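Report on the structure given below.
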Amino acid sequence: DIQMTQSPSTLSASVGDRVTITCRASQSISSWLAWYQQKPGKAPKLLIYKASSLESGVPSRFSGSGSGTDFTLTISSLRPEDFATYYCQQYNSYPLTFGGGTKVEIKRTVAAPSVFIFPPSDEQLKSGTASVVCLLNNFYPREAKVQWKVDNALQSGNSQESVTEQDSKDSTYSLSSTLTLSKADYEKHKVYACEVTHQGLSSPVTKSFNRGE
Amino acid sequence: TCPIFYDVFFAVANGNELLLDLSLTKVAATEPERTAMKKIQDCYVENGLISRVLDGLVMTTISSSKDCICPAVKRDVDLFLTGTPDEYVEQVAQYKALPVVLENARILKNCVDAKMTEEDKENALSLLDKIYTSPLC
Amino acid sequence: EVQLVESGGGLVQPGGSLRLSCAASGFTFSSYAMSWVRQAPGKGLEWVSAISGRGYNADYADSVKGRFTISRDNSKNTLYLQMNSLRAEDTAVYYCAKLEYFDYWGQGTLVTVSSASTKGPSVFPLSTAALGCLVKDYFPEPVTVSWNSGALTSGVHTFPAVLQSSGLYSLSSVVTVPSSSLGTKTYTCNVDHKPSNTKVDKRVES
Ligand SMILES: [Ca+2]
């Protein structure tokens with residue numbers, strides 16, 4: 001089994017910038033490596049085969065280089081179309097194996113999130129479950145910490161989070177964190193808060209409420 | 001010395017069609033060239049593991065001979081394809097003359113002669129000509 | 001052209017079976033090895049299986065060995081993948097692909113493995129203010145959420161759904177609006193779940 005280590009998994013760039021994605025094999029694969037581009041909701045498209053050979057139709061700003069255990073995909077002058085996820089794949093031997101992927105994202109200025117918090121509705125409480133959700137609206141970069149506290153008891157293992165992809169208007173992300181409890185456990189604590197730490201904020205923002213509002 | 005040839009031969013001899021399809025893609029073989037190499041592979045598969053092992057012994061003792069991409073190896077392959085059964089086996093005998101090896105030599109050579117047309121024989125050589133004149137070789 | 005068209009995907013329970021098909025055209029099918037590649041929600045590509053030109057040999061990913069059987073009908077130019085003893089882990093888009101480095105892919109076919117039956121969602125409500133609806137306990141994907149029958153698209157964010165430990169999905173949709181338009185104007189979300197034939201309108205207010 002040949003492992004393919006792709007690096008970095010994430011990078012943000014601008015139009016015009018050069019972009020270099022490295023990919024490395026745990027053992028030699030001669031020149032038997034291919035590169036793909038994938039956009040949201042679509043099948044991958046082949047860019048390079050045989051380490052450096054350009055597939056027909058692919059623009060020449062894409063190039064590949066490498067042999068043995070170390071391979072590189074360089075984009076010379078990044079266009080808007082080129083923001084995508086990129087994958088390497090060895091075909092030296094079976095099983096055929098892919099790299100983890102590299103997401104190329106749109107670079108923009110740092111932006112702090114607008115934090116909101118939503119108490120669980122009186123309708124949901126009557127069904128017997130309580131979901132408290134914490135919104136982080138319009139921020140950059142994606143790296144962001146979101147702690148939950150119930151009467152200052154730091155929570156873990158009872159909340160999941162979802163993040164949008166970069167917005168088409170302003171290249172920002174939005175995140176939601178959703179604390180889920182039973183109705184019984186919900187009504188045994190008063191104060192609920194979400195603490196958001198992020199690069200764009202100098203101090204960590206807290207946002208809270210008391211059951212009863 | 002000429003790694004791409006020995007990878008294709010190993011892919012033919014080992015008898016795994018999937019691993020041969022991989023080799024044939026690597027050397028940009030045409031559909032008629034693919035067909036001709038798969039018919040050679042069928043002879044190794046039909047004549048069992050020892051056909052690989054004893055033909056591997058043959059290809060090994062040629063490649064490490066005084067004579068040695070080696071012209072002795074090139075010559076062995078052309079005889080296997082285009083020469084007569086007696087021509088191929090007498091040539092193998094000058095490199096290694098164990099009764100079991102010459103027995104295996106004739107069994108394979110009869111198989112490919114029965115199984116391949118002249119078109120297939122020509123295509124295997126045209127695919128070999130690409131491999132021999134490649135810069136990798 | 002070279003067209004590859006998958007079919008046979010859908011919903012399955014864990015332990016159950018599925019047969020995927022891929023009708024190929026535009027090239028001599030029998031000369032080339034075909035593979036199946038898959039992709040779980042928000043994860044990378046993963047090679048699952050391959051089969052040789054005439055079908056005398058096949059290989060599989062370790063996770064799938066013994067469960068899956070790849071095969072082909074060279075007279076009908078069709079590739080198959082019998083998937084047995086399916087697992088939550090196998091939930092993915094499955095593509096058929098030509099060759100060993102994938103010059104041509106199909107458009108995929110989605111396979112979802114869950115204990116759950118198809119079920120419509122419960123929708124609960126939630127300088128510049130924010131409001132939303134929490135779309136809960138539905139299966140399968142997808143749900144689509146518009147606001148005020150499509151009239152409010154500005155500043156709307158609908159989140160990728162999270163698979164909960166119940167086996168049922170859950171997401172939220174939020175929109176930001178000006179603080180002083182709260183009591184005056186109506187903010188309603190339209191939650192369509194086309195798998196269950198369920199539509200839900202939900203008014204939201206302070
Ligand atoms: Ca020979």
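Ordering of the structure tokens sets the chain letters (A, B, ...), residue numbers begin anew at 1 in every chain, and ligands are numbered from 1 in the order given.
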Next item on the list: Excluding residue 115 (chain B) and any residue of its chain fewer than 2 positions from it, enumerate the residues within 9 Å of it, using only C-alpha atoms, and give them as an MDAnalysis selection string.
Entry: chainID B and resid 39:40 42:43 110:113 117
Keeping only N, CA, C and O atoms, write the selected residues to a file as an mmCIF file, in the first residue's frame.
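The resulting file, out.cif, is shown below:
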data_model
loop_
_atom_site.group_PDB
_atom_site.id
_atom_site.type_symbol
_atom_site.label_atom_id
_atom_site.label_comp_id
_atom_site.auth_asym_id
_atom_site.auth_seq_id
_atom_site.Cartn_x
_atom_site.Cartn_y
_atom_site.Cartn_z
ATOM 1 N N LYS B 39 -2.440 -12.189 -25.429
ATOM 2 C CA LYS B 39 -2.319 -13.544 -25.966
ATOM 3 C C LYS B 39 -1.007 -14.227 -25.551
ATOM 4 O O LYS B 39 -0.990 -15.440 -25.334
ATOM 5 N N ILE B 40 0.079 -13.458 -25.426
ATOM 6 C CA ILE B 40 1.330 -14.004 -24.887
ATOM 7 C C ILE B 40 1.122 -14.357 -23.416
ATOM 8 O O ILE B 40 1.539 -15.429 -22.979
ATOM 9 N N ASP B 42 -1.655 -15.165 -21.872
ATOM 10 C CA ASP B 42 -2.477 -16.392 -21.815
ATOM 11 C C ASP B 42 -1.651 -17.685 -21.836
ATOM 12 O O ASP B 42 -2.017 -18.655 -21.177
ATOM 13 N N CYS B 43 -0.549 -17.693 -22.587
ATOM 14 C CA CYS B 43 0.339 -18.853 -22.633
ATOM 15 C C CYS B 43 1.037 -19.135 -21.309
ATOM 16 O O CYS B 43 1.149 -20.298 -20.921
ATOM 17 N N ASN B 110 5.194 -23.467 -28.629
ATOM 18 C CA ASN B 110 4.062 -24.077 -29.335
ATOM 19 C C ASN B 110 2.745 -23.381 -29.028
ATOM 20 O O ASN B 110 1.906 -23.229 -29.917
ATOM 21 N N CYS B 111 2.556 -22.980 -27.773
ATOM 22 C CA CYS B 111 1.342 -22.268 -27.371
ATOM 23 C C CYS B 111 1.184 -20.959 -28.146
ATOM 24 O O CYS B 111 0.129 -20.732 -28.743
ATOM 25 N N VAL B 112 2.216 -20.110 -28.132
ATOM 26 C CA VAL B 112 2.138 -18.799 -28.803
ATOM 27 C C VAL B 112 1.993 -18.928 -30.307
ATOM 28 O O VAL B 112 1.268 -18.146 -30.917
ATOM 29 N N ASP B 113 2.662 -19.915 -30.899
ATOM 30 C CA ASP B 113 2.517 -20.167 -32.335
ATOM 31 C C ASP B 113 1.097 -20.612 -32.706
ATOM 32 O O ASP B 113 0.570 -20.204 -33.737
ATOM 33 N N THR B 117 -1.802 -15.003 -34.308
ATOM 34 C CA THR B 117 -1.749 -14.847 -35.759
ATOM 35 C C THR B 117 -0.475 -14.093 -36.126
ATOM 36 O O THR B 117 0.266 -13.661 -35.240
#
Next item on the list: Would you give me, as an MDAnalysis selection string, the residues of chain A that come within 6 Å of chain C, using only C-alpha atoms?
Entry: chainID A and resid 46 100 118 162 164
Next item on the list: Tell me the residues of chain A close to chain B, meaning within 10 Å using only C-alpha atoms, as a PyMOL selection string.
Entry: chain A and resi 31-32+50+91-94
Check: Can I get the residues close to ligand 1 as number ranges by chain, where close means within 12 Å and we count only C-alpha atoms and all ligand atoms?
Finding: B: 6, 9-10, 12-13, 40-41, 43-44, 51-63, 72-83, 88-89, 91-92, 101-102, 104-109, 112
Hey, which bits of chain B sit within 9 Å of chain C, and for each residue what's the closest pair of atoms and how far apart in Å (one decimal), counting only C-alpha atoms, rows by chain and increasing number, as a tab-separated table?
residue	atom	partner	partner_atom	distance
B:16	CA	C:57	CA	6.4
B:17	CA	C:57	CA	5.8
B:18	CA	C:52	CA	4.5
B:19	CA	C:52	CA	8.2
B:20	CA	C:52	CA	8.6
B:21	CA	C:33	CA	6.3
B:22	CA	C:100	CA	6.5
B:25	CA	C:100	CA	7.6
B:31	CA	C:31	CA	6.1
B:32	CA	C:31	CA	8.9
B:34	CA	C:31	CA	7.0
B:35	CA	C:31	CA	7.4
Check: So which bits of chain B end up helix (DSSP H, G or I) when you DSSP the backbone, as a ChimeraX atom specification?
Finding: /B:3-13,17-26,31-46,49-63,71-82,85-95,99-115,118-132
Check: Could you pull out all residues of region 9-175 of chain A with a DSSP call of strand (DSSP E) and give them as a PyMOL selection string?
Finding: chain A and resi 10-13+19-25+33-38+45-49+53-54+62-67+70-75+85-90+97-98+102-106+114-118+129-139+144-150+153-154+159-163+173-175
Next item on the list: Considering only C-alpha atoms, return as a PyMOL selection string whatever protein or nucleic-acid residues lie within 9 Å of residue 167 (chain A), sequence-local ones (same chain, fewer than 6 positions apart) excluded.
Entry: (chain A and resi 138+173-174) or (chain C and resi 157)
Include N, CA, C and O atoms and write out the residues we just selected as a compact mmCIF listing (two decimals), in the first residue's frame.
# COMPACT_ATOMS: atom_id res chain seq x y z
N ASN A 138 -19.93 35.63 9.00
CA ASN A 138 -19.06 36.43 8.13
C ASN A 138 -17.68 36.78 8.69
O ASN A 138 -17.46 37.89 9.17
N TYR A 173 -16.39 33.13 5.68
CA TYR A 173 -17.03 31.93 6.19
C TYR A 173 -18.10 32.31 7.20
O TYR A 173 -18.15 33.44 7.68
N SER A 174 -18.97 31.34 7.48
CA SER A 174 -19.89 31.40 8.60
C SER A 174 -19.91 30.02 9.23
O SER A 174 -19.81 29.01 8.53
N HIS C 157 -27.46 32.28 4.89
CA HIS C 157 -26.50 31.19 5.03
C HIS C 157 -27.22 29.92 5.47
O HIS C 157 -27.82 29.88 6.54
Check: Restricting the calculation to only C-alpha atoms, which member of A:24, A:18, A:198, A:39 is positioned closest to residue 66 (chain A)?
Finding: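 Among the listed residues, A:24 lies closest to residue 66 (chain A).
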Checklist line | Residues near residue 74 (chain C), cut-off 7 Å, only C-alpha atoms, skip fewer than 2 positions along chain, as a list in words | finding: residues 29, 30, 72, 76, 77 and 78 of chain C
